[PDB]
Amino acid sequence: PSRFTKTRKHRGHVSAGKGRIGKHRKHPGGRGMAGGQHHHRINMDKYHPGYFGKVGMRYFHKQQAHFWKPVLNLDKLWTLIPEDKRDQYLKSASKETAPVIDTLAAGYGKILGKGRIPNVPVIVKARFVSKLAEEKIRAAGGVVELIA
Amino acid sequence: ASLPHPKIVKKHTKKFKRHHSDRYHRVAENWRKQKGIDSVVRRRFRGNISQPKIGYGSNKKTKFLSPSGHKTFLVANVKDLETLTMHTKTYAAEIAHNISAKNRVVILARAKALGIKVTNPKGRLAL
Amino acid sequence: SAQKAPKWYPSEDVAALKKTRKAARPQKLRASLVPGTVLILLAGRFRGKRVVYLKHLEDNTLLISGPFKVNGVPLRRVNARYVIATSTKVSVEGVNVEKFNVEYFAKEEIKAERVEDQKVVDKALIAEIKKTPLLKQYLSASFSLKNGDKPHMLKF
Amino acid sequence: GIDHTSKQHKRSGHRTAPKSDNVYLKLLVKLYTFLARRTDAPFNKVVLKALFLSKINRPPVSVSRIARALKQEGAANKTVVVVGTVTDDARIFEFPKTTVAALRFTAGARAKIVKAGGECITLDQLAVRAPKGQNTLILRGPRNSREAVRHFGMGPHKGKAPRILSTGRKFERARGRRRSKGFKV
RNA sequence: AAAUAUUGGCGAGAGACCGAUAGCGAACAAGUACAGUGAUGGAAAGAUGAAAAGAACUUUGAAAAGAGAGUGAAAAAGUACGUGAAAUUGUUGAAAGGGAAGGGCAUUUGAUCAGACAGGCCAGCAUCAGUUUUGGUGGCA
RNA sequence: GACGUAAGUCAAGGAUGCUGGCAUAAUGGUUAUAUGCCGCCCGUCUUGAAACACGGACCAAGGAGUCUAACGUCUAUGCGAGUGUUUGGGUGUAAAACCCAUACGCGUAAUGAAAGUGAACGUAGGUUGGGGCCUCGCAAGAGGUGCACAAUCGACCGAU
RNA sequence: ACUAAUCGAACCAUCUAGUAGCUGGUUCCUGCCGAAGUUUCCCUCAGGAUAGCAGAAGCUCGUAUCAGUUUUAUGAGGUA
RNA sequence: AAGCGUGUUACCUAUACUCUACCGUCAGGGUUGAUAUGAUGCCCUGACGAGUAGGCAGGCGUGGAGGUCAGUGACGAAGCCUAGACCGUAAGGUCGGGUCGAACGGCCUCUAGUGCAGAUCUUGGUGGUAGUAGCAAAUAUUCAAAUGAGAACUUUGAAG
Ligand SMILES: [Mg+2]
Ligand SMILES: [Mg+2]
Ligand SMILES: [Mg+2]
Ligand SMILES: [Mg+2]
Ligand SMILES: [Mg+2]
Ligand SMILES: [Mg+2]
Ligand SMILES: [Mg+2]
Ligand SMILES: [Mg+2]
Ligand SMILES: [Mg+2]
Ligand SMILES: [Mg+2]
Ligand SMILES: [Mg+2]
Ligand SMILES: [Mg+2]
Ligand SMILES: [Mg+2]
Ligand SMILES: [Mg+2]
Ligand SMILES: [Mg+2]
Ligand SMILES: [Mg+2]
Ligand SMILES: [Mg+2]
Ligand SMILES: [Mg+2]
Ligand SMILES: [Mg+2]
Ligand SMILES: [Mg+2]
Ligand SMILES: [Mg+2]
Ligand SMILES: [Mg+2]
Ligand SMILES: [Mg+2]
Ligand SMILES: [Mg+2]
Ligand SMILES: [Mg+2]
Ligand SMILES: [Mg+2]
Ligand SMILES: [Mg+2]
Ligand SMILES: [Mg+2]
Ligand SMILES: [Mg+2]
Ligand SMILES: [Mg+2]
Ligand SMILES: [Mg+2]
Ligand SMILES: [Mg+2]
Ligand SMILES: [Mg+2]
Ligand SMILES: [Mg+2]
Ligand SMILES: [Mg+2]
Ligand SMILES: [Mg+2]
Ligand SMILES: [Mg+2]
Ligand SMILES: [Mg+2]
Ligand SMILES: [Mg+2]
Ligand SMILES: [Mg+2]
Ligand SMILES: [Mg+2]
């Protein structure tokens, strides 16, 4: 909708909102990111610290699939059970029949330990876990199986 | 007639003509705001033309009222005319300019029956 | 439709008036307007004519008859603001005046009751006028301002 | 001439109506405008003003936030009033039976409240069962948890998030961020 | 081989595109007329009327052409052709005019124009209300 | 509010009463002209323009903040710890509309150059305020609970 | 000097709508608010960024925090 | 003194002050058991109103698009002209008359190649200057007849 723009409102006004002294020009301060060390230095150092310079090791031919390790927390662990089938495990929270929660199938690599799971034994299968996540799971009465 | 109304005050009966529209033919008389830096009209120097201000606005009691005291309602056919049947004291019918002469006599005949005042009863009238 | 419609119409019911606190009280005339004074008419057909002030009427108009035999002015009404109340007086305790009122001069060739009512009043009036000399000549003559007359410094 | 102490013709700076054209919201506002005028309860005035708010000024309130509010002393039987959306929260595992009045419930939130034995209620139903806001509890979501608030007030030695698209090494982690490379912020 | 590309060629179908200073340079005998030694550069230009029915015939004139007559719904459509603006110009009529003219406020005068007798227009007086201005006179400190 | 014994009246939260003339160019509008006073040529740059600064002889038509990729703030909408059908497939009254799987993007986790590690002592903490609600009060107020947010001190995760 | 009226580097087409901190122009009305020419940095001084001045959107509350002001009390200064 | 110094009055007049009306803006409020069906409505109360650069808001107008007025129209659409009328503070809208001949509007929305006085702007057309500057180098023309509507300028003859 070009009828709602201020260009339609600036018709009849000489400078079109650009001033009579400033006199809207092509590129008064340079093109793109020019002068970031010279005359845009104050802006760059204030709002973009760390832009110039180098940081640590290069990685030739980085494949992001090597570093695939999505994180699932303990407070989201029980969501991997279907909702209709979830509550029937909360009741009768018993040993010798515990839900198996394969997090790799759901798309997760590592489990962390946000915590406060209900005290229900659950078998948890994951590529990686954290120390506190395993402590909380085994305290609730479950166990972690490592898979690959 | 119409509802009794306060006296019609216009606050400016003169047309607001554009500056120098009398000086150049290219400058149309339709009002345009002077936006020049050194404009005597924009700066409101004494002895120059007046500009449209909100202070000239018409009293809301008497706004949109003709000296007859009715509001003009543009009418295109007979069916349009009956919409002012119960509002003959406040609205007056005005036959549109593109209505043919043979339809105009039908509208005037119906308007006479309904008491609706017509602003232009002599348009396209053979004589 | 040439024009679409006004969505909501004004109410054609005309509103009643509010109660007005304006009461008609009688008019207090000027101090110089005592009955029997001689007035100078300032406007109308009888401009500059001297007349006699007879009775104050109900519609705030003075009743005058500068005697019709003397200066040809009949019973009629004048506005109190269009006359000059002079200091010269005549006695009007010889004339009946209650017969005259607003409906006496109500509109609707001279009539006959007007002529006879003029005849009864002016015989009484000229009888009183004849007492002090030169009033008859004074009323007969019309009033006019001369060059160098100053009504701000003039007294009548 | 007047020596104006304050700026003339200054608007209040507060919304007096919803910016939206939602017809149901407008007549919800119509109801509570009547209530806040003809009733002396401050609840009606607060709720009417909250109806005007924009989308970032009415953050979603989770059922876990509602349940924590009910954990307060003497608040277990109060009617939880949320002028906004009530979202679900699977983080919590027990939810009490309560009446929650809100503009919108997500499917998961409404299912969880009903499954606990509670009742999901619209703001008009709040008006019929509490015209002056008897034993209510007005909740609000976290307003400053938005992504935009991170970058607000960015400056040296402020600790705010820079506005940036790509994140990692080679992305603003250098001169101006560590004493090894020039200075540190 | 297919899935892929396609401001060229051929055949189609479409458009919230442009409408003769626009849209291709080119709606038309347009890459034409024309310019330059040359490479190249490169326009302007649509519409009478349904149908020429494109004005027979008379008269003035050397002729162009005019005036008639006539065709046509229209010649306020005559090929110098749909409508036919402005700049600028001719005629007519009105008005003003001692080194500009034009403008704004107000009124005179001239010209012109709209509505309303079931209250419209303009005023006079009296008694009040609001705001004022100008006097006379009374009692106190 | 005033007066009045009351009744009622009044100059007391804004004009009424009576009378006349005309009923049309009479008032009024428009326009031209005359008169009194005032009035420098616009646009522009400029501290400053009527300028002996610049563009403008006149008229018609054309004529200048657009679209796109990516994005910040704000707002509206849908859904909501999820969200995005339209790369594709199905289907069709066929570039429309309708329907859909697996993925993928962003978000739900951060931190470190990295290898790596990865967020509850507690009613998800204490204190100070804090709208609203509850209780006691005709009410002023007193007490309780206090979401958002503000300040501060803590606890937890990564690096050192 | 001359090299097709062109020469301190011909003419033609294209790249090319080359770039310009510089000049000129930038088209409807009304309403409300309403400036700066100063700070710091820059191969900066006809220009930018930056803080300031301004608008808009508002948000949390409801007469507090306050104030281009005085009084009282207590300091400070090295101008006339 | 109609000069100078000083004193006392009266008077003149700014878009300033006071009061009132109207416009708009802002602010605070009233209004639902017919609000005598319009709640972005109606109404009450108070204050305020300068403005370049600039910001925002509400509106006027243009080409085309979806819907509606079973809208207008050859008994005349659009266009154009009109010191003719009305409405709006204004952008503008509407009507009457004349010309004209085939299409075009109101409202709710969508969209943009959407508004001109300037740019030594582009294209085209037209003025004042102005019947003006000028049509003056190369020695030079003249008479008669013919022709023809028309002969300084053609043809022939004669002369130079
Ligand atoms: Mg401006
Ligand atoms: Mg400029
Ligand atoms: Mg007007
Ligand atoms: Mg005007
Ligand atoms: Mg200036
Ligand atoms: Mg072309
Ligand atoms: Mg040649
Ligand atoms: Mg043509
Ligand atoms: Mg015709
Ligand atoms: Mg024709
Ligand atoms: Mg023609
Ligand atoms: Mg002309
Ligand atoms: Mg002369
Ligand atoms: Mg004049
Ligand atoms: Mg008075
Ligand atoms: Mg006149
Ligand atoms: Mg002067
Ligand atoms: Mg200078
Ligand atoms: Mg100037
Ligand atoms: Mg010069
Ligand atoms: Mg210059
Ligand atoms: Mg010039
Ligand atoms: Mg144009
Ligand atoms: Mg060369
Ligand atoms: Mg360019
Ligand atoms: Mg101001
Ligand atoms: Mg440098
Ligand atoms: Mg300059
Ligand atoms: Mg500000
Ligand atoms: Mg010293
Ligand atoms: Mg010193
Ligand atoms: Mg003296
Ligand atoms: Mg202003
Ligand atoms: Mg027509
Ligand atoms: Mg035709
Ligand atoms: Mg354009
Ligand atoms: Mg132009
Ligand atoms: Mg301009
Ligand atoms: Mg030019
Ligand atoms: Mg000559
Ligand atoms: Mg010669």
Side-chain angles (χ1 to χ4, degrees), chain A residues 1-3 7 11-12 14-17 19-21 25-26 28-29 35 38-43 55-57 71 112-116 130, chain B residues 9 11-13 16 20 22-27 31 33 36-38 46-49 52-57 59 64 66-68 72 74 76 94 96-102 119-120 122-123, chain C residues 1-4 7-8 20-25 27 59-60 79 81, chain D residues 1 7-15 19-20 30 34 42-43 46 54 57 60 69 71-75 78 87 106 133 135-140 142-144 148 163 169:
Chain A
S2 64
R3 66 192 193 278
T7 301
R11 290 277 190 256
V14 183
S15 311
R20 299 171 175 277
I21 301 107
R25 284 286 153 82
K26 306 309 292 268
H38 304 280
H39 65 285
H40 301 129
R41 182 217 175 83
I42 297 184
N43 183 275
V55 195
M57 294 181 286
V71 293
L112 312 172
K114 284 291 288 294
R116 300 301 159 93
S130 68
Chain B
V9 192
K11 276 210 220 171
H12 211 88
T13 305
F16 285 105
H20 279 179
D22 62 358
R23 189 191 190 91
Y24 299 103
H25 181 89
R26 61 175 176 249
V27 179
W31 172 253
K33 184 69 168 302
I37 47 174
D38 291 334
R46 177 197 70 210
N48 283 278
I49 62 181
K53 316 179 100 153
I54 207 73
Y56 297 111
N59 191 359
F64 305 115
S66 295
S68 71
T72 300
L74 201 74
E94 175 151 278
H97 72 310
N98 47 14
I99 313 307
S100 66
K102 65 176 208 65
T119 79
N120 52 359
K122 284 143 79 167
Chain C
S1 73
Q3 199 185 352
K4 179 61 186 65
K7 188 66 182 65
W8 303 103
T20 311
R21 302 172 171 176
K22 303 287 165 175
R25 274 175 284 286
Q27 165 211 46
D59 67 307
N60 310 329
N79 204 338
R81 300 287 292 221
Chain D
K7 203 193 292 293
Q8 286 317 281
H9 306 125
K10 175 186 281 172
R11 282 182 297 275
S12 62
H14 304 85
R15 279 181 177 208
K19 185 74 181 55
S20 70
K30 170 165 165 186
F34 175 86
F43 172 87
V46 169
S54 69
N57 286 314
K71 273 193 298 187
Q72 295 160 13
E73 196 154 17
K78 286 179 185 265
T87 52
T106 71
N135 64 7
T136 56
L137 188 53
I138 280 177
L139 287 187
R140 295 185 269 190
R143 210 175 272 194
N144 278 7
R163 281 183 179 131
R169 183 199 90 88

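These numbers come from the heavy atoms of this one structure, side chains and all, not from hydrogens, waters or symmetry mates. Labels below follow one simple rule: chain letters A, B, ... track the order of the sequence lines, proteins then strands, and each chain is numbered from 1.
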(Q) Please determine whether a side-chain nitrogen or oxygen atom of D:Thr106 lies at a distance below 4.0 Å from atom OP1 or OP2 of F:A81. (A) yes
**Q.** Side chain D:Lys10 and base H:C26 donor-acceptor under 3.5 Å
**A.** no
Q.
If you compare every side-chain N and O of A:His39 against the phosphate oxygens of G:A49 (OP1, OP2), does one of them come in below 4.0 Å?
A. no
Q | Nucleotides E:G136 and E:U91 paired (Watson-Crick or wobble, under 3.5 Å) | A | no
Q: Would you check if E:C34 and E:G41 are a Watson-Crick or G-U wobble pair, both distances kept under 3.5 Å?
A: yes
Q: Take atom CZ of A:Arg20 and atom P of G:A46, then tell me their distance rounded to the nearest Å.
A: 23 Å
Q.
Categorize D:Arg11 for me: base, sugar-phosphate, or nothing, with a 4.0 angstrom heavy-atom threshold over every strand shown.
A. sugar-phosphate
Q) With respect to the phosphate group of F:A150, does any side-chain polar atom (N or O) of D:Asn144 fall under 4.0 Å of OP1 or OP2? A) yes
**Q.** Outcome for H:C153 when its sugar is typed by the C1'-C2'-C3'-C4' torsion
**A.** south
**Q.** Interatomic distance where NZ belongs to B:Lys33 and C1' belongs to H:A90 [whole Å]
**A.** 11 Å
(Q) Among F:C134, F:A76, H:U111, which nucleotide has an atom closest to any side-chain atom of D:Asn135? (A) F:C134
Q) Once you round it to whole Å, what is the distance between P of H:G88 and CD1 of B:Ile54? A) 13 Å
Q.
Does H:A102 count as syn, meaning its glycosidic angle lies within 90° of 0, or as anti?
A. anti
Q) When the distance from CH2 of B:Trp31 to P of H:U89 is rounded to whole Å, what number comes out? A) 16 Å
(Q) Regarding D:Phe34, tell me which of base, sugar-phosphate or nothing describes its non-hydrogen contacts under 4.0 Å with the strands shown. (A) base
Q. North or south: where does the sugar of E:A80 fall when you read the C1'-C2'-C3'-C4' torsion?
A. south
**Q.** Validation row: B:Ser66, B:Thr72 side chains within 4.5 angstrom (heavy atoms)
**A.** yes
Q) Heavy atoms under 4.0 Å, any strand shown: does B:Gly47 hit a base, just sugar-phosphate, or nothing? A) base
Q. Do any side-chain nitrogens or oxygens of B:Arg26 fall under 4.0 Å of OP1 or OP2 in H:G118?
A. no
Q) Is E:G99 syn or is it anti, if syn means the base angle is within 90 degrees of 0? A) syn
Q: Answer yes or no: side-chain N or O of C:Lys4 and base N or O of H:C107 forming a donor-acceptor pair under 3.5 Å.
A: no
**Q.** A:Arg20, CZ atom: more than 12 neighbouring heavy atoms under 6.0 Å
**A.** yes
Q.
Whole angstroms only, please: what is the CG-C1' distance between B:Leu74 and H:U94?
A. 7 Å
Q: Answer yes or no: does a side-chain N or O of B:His97 lie under 4.0 Å from OP1 or OP2 of H:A78?
A: yes
Q: Could you check whether the rings of B:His12 and B:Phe16 sit parallel, tilted or perpendicular, using 30° and 60° as the cut-offs?
A: parallel
Q. Looking at the six-ring of each base, are G:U40 and G:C41 less than 5.5 angstrom apart at the centres and less than 30 degrees apart in plane?
A. yes
**Q.** No-H, no-angle donor-acceptor pair, B:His12 side chain to H:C23 base, under 3.5 Å
**A.** no
**Q.** Any donor-acceptor N/O pair under 3.5 Å between E:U88 base and B:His25 side chain
**A.** no
Q) With both distances under 3.5 angstrom, what nucleotide forms a Watson-Crick or G-U wobble pair with F:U35? A) E:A106
Q.
I want to check one thing: is the phosphate of F:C38, taken as OP1 and OP2, less than 4.0 Å away from some side-chain N or O of B:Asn48?
A. no
Q) Out of F:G132, H:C69, H:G96, which nucleotide sits closest to the side chain of C:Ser1? A) H:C69
Q | Under 4.0 angstrom between C:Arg25 side-chain N/O and F:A11 OP1 or OP2 | A | yes
(Q) Based on whether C1'-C2'-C3'-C4' is positive or negative, which pucker family does G:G52 belong to? (A) north
Q.
Can you measure C:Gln3 atom CD to H:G105 atom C1' for me and round it to whole angstrom units?
A. 13 Å
Q) Using the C1'-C2'-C3'-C4' torsion, which pucker class fits G:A51: north or south? A) north
Q | Phosphate-side-chain proximity, A:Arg11 and G:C29, N/O vs OP1/OP2 below 4.0 Å | A | no
Q. Counting only Watson-Crick or G-U wobble geometry with both distances under 3.5 Å, does E:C57 pair with E:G68?
A. yes
**Q.** Per-nucleotide protein contact string for nucleotides 107-124 of chain F, where B marks a base within reach and S marks sugar-phosphate only (heavy atoms under 4.0 Å, - for neither)
**A.** -BB--SBSS-SBBB-SSB
(Q) When the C1' atoms of F:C52 and H:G127 are compared, how many Å lie between them, rounded to an integer? (A) 29 Å
Q: Could you check E:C117 and say if its sugar is north or south from the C1'-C2'-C3'-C4' sign?
A: south
Q: Decide if F:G28 and F:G29, neighbours in the strand, stack by the rule of centres under 5.5 Å and planes under 30 degrees.
A: yes
Q: May I ask you to verify if any side-chain N or O of C:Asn60 is less than 4.0 angstrom from the OP1 or OP2 atom of E:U127?
A: no
**Q.** P atoms of E:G9 and H:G115, separation to the nearest Å
**A.** 37 Å
Q. Can you check the A:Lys26 NZ to G:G47 P distance for me, whole Å?
A. 18 Å
Q) What about A:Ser2, does its side chain sit under 3.5 Å from the base of F:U66 through a donor-acceptor pair? A) no
Q: For F:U75, take OP1 and OP2 only and decide whether either is under 4.0 Å from a side-chain N or O of D:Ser54.
A: yes
Q. RNA chain H: B:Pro52 or A:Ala16, which has the more 5' nearest nucleotide?
A. A:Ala16
Q. Does F:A34 sit syn or anti, given that only angles within 90° of 0 count as syn?
A. anti
Q: Can you tell me, in whole Å, how much space there is between the P of G:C28 and that of H:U32?
A: 49 Å
Q. What is the nucleic acid contact for B:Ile37, judged by heavy atoms within less than 4.0 Å: base, sugar-phosphate only, or nothing?
A. base
Q | Separation of atom CG in B:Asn98 from atom P in H:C80, rounded to whole Å | A | 15 Å
Q: Please check the phosphate of H:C110 (OP1 and OP2 only) for any side-chain N or O of A:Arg3 closer than 4.0 Å.
A: yes
Q) Does H:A27 have OP1 or OP2 sitting under 4.0 Å from an N or O in the side chain of D:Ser12? A) yes
